[PDB]
C-alpha cells in the first residue's frame, strides 16, 4: 500500500525535488505536499504537472510560516490525516573547530537543522496520530503514518573519524546528531500512537532518491527509531 498524503520540505531542488518526482510516479498517493521558502522561484518544482502536487511556501525558521503551512496541509488532507512526513529541509553552514568562534553561525545551524525540524514535526503530530488511527492494529509502515528525517552519515558519532578540521562541518554534525536523537526519542514517545519514525542519510542524483523511496516501502516496526543508509543498512548513532 501507498501513503495517502505526503509532505516534503525543501522540494525546490536537491533531494527534496527528486523525492517529489519519485513520489509522483506512485499514482495511488492522493496528496503530495511540496514546500519552498521562495515558491515563486521554485520553477523546476512548479513545472511538475499532475494535479495532486501542492507547492506551498514554508520558512522553517518562522513560526508563523509554520502555523500557516500546518493549517493548509490540514485543510488539504482533511479527516484522512497526514500519512508521511519526510523532513528534508535543512542546510550545511560552514563551521569547524578552527573557525573564528561564532555563536550566530552555530545557532543558525541548529535552528535550521534541529529545532525547526522538531517544531514542524510537533505541529504535524495531531495529523499523524490521525492517519495512524485510521487502521486498527499494531504494525508500523510509511503508508500508515511515518516521520522520516533526512539526516547525514556525518551525524553518526561513533563513525566520526574525520572531525571538522579538513571539512568545516562541526556545527552541522551536531545538528544531525541532535536530530538523530530526536528521531530516537520521537519513536519511543509515539509508541502507543503507532506512528513510525526513521532517519536516513542520502548519498553524497535521482539514484539516491530512487533508492530511498524503495527502502521506504520496506519499513516496519523493526526499523523504528533507527538511523540507516539509503540502501538501509543501519548506522550506529
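Residue numbers count along the first chain shown, from 1.
Missing deposited residues between residue 204 and residue 205: 10 or more, all without coordinates in the entry. Of the two segments, 22-30 and 41-49, the one listed with the higher mean B-factor is 41-49 (C-alpha atoms only). As recorded in the PDB entry, 63-71 is the stretch of 170-178 and 63-71 with the greater mean C-alpha temperature factor. Per the PDB record, 130 has a higher Cα B-factor than any other of 88, 161, 130, 109. Take 93, 76, 148, 117 and read off each C-alpha B-factor from the entry; 76 has the highest. Among all modelled residues in its chain, residue 188 ranks in the middle third by Cα B-factor. Sorting the modelled residues of the chain by their CA temperature factor places residue 121 in the middle third.
Residue-level temperature factors show residue 140 in the highest third of its chain, judged at the C-alpha atom. Annotation for residue 209: C-alpha temperature factor in the middle third relative to the rest of the modelled chain, per the entry. The PDB entry assigns residue 226 a C-alpha temperature factor belonging to the lowest third of its chain's modelled residues.
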